[PDB]
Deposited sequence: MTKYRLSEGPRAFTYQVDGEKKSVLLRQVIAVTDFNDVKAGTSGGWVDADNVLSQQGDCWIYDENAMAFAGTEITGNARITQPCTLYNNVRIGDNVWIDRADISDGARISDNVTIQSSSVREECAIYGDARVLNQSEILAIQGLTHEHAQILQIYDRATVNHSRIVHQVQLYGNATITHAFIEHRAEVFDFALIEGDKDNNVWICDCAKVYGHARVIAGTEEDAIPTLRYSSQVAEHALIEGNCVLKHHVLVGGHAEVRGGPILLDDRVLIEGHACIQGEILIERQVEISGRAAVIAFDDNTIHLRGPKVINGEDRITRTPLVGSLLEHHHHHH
């Protein structure tokens, strides 16, 4: 499929703020294949094993770099200025565009990485799409697959994203997972933070608000699934489970220490819910532009309408 240019050339690239260079040879097609005509020059490599002679895989940009143990095979297309190095693997029908990939990252199947960067041991396969300035820093390994779509987001550590999850402007850390039809939607003024072992799946939605720091924050192992929806300045900490067709908005809101919210429950405004509280049915907890504090053990259901802190039971007596 191709031959390497004769004269090697040095190319610079920076790693962790340091400037580094490598000697590479330019790939030159010696025959027609796919959308590549013989005689055309592509990217640069540091060994003939970097780019497979078989299949349709190819490096199109003359500023593209692939070296240090990286291996491109199959029909993988690498377009625009890219930098792949340190035992990276790209095969099948993968598409890499103006993105950087390094440190043993393995991109397979029909994946797309565009205007983004991926670093360290992780597995991005299936029909996953990582786009628009996303940053994937791996460090169980981090996986993004199925039809998950990541947009201008930062995925780190050992996060798992799959199913049809649609993430945008989010920061998912540690061992957080987002799958099924989950929608994580931050905006330019507020990201969405999902940390630790939190999980968002089913048809759940987590939507940042427009107010200053109205950052939806899912911590520890709290979850949001089924048809639940969380928006605005909301923080979920220890053992919180939001499901059913519940809706949480307003802020600031804090859910912590064994809180279960499902059914038709609507929770809106500055509300603090904690300590064994279960809300379902058609209950409404609304704090009109006001504050509400709910503490259990306590079951709120049926048509309970709460517009002020209830001065009874667990609110006035703990232990």
Q.
If I number the deposited sequence starting at 1, which residue ranges have no C-alpha coordinates at all?
A. 1-2, 142-149, 300, 331-334
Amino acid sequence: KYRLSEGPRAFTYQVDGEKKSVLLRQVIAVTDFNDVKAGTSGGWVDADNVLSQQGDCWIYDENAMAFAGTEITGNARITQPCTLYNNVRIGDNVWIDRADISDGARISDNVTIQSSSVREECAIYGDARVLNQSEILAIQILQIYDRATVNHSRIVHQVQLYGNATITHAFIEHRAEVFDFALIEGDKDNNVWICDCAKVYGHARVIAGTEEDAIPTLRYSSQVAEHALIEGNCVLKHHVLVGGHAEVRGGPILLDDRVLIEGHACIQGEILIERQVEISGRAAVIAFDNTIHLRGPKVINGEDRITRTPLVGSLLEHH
From here on, numbers count along this sequence of modelled residues.
Q: Select between 224-232 and 167-175 the stretch whose C-alpha atoms have the higher average B-factor in the entry.
A: 167-175
(Q) Tell me which stretch has the larger mean Cα B-factor in this entry, 32-40 or 266-274. (A) 32-40
Q. When the CA B-factors of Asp180, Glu247, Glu212, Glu185 are compared as recorded in the entry, which is the largest?
A. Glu212
Q: For the C-alpha B-factor as written in the entry, point me to the maximum among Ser116, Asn86, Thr79, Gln160.
A: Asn86
Q. Sorting the chain's CA B-factors, does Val22 end up in the lowest, middle or highest third?
A. middle
Q.
Could you place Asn301 in the lowest, middle or highest third of its chain by Cα temperature factor, using the values in the record?
A. middle
Q | For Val50, the third of its chain into which the C-alpha B factor falls | A | highest
Q. So where's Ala138 on the chain's Cα temperature factor ranking, which third?
A. highest
**Q.** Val312 - Cα temperature factor, lowest/middle/highest third of chain
**A.** lowest
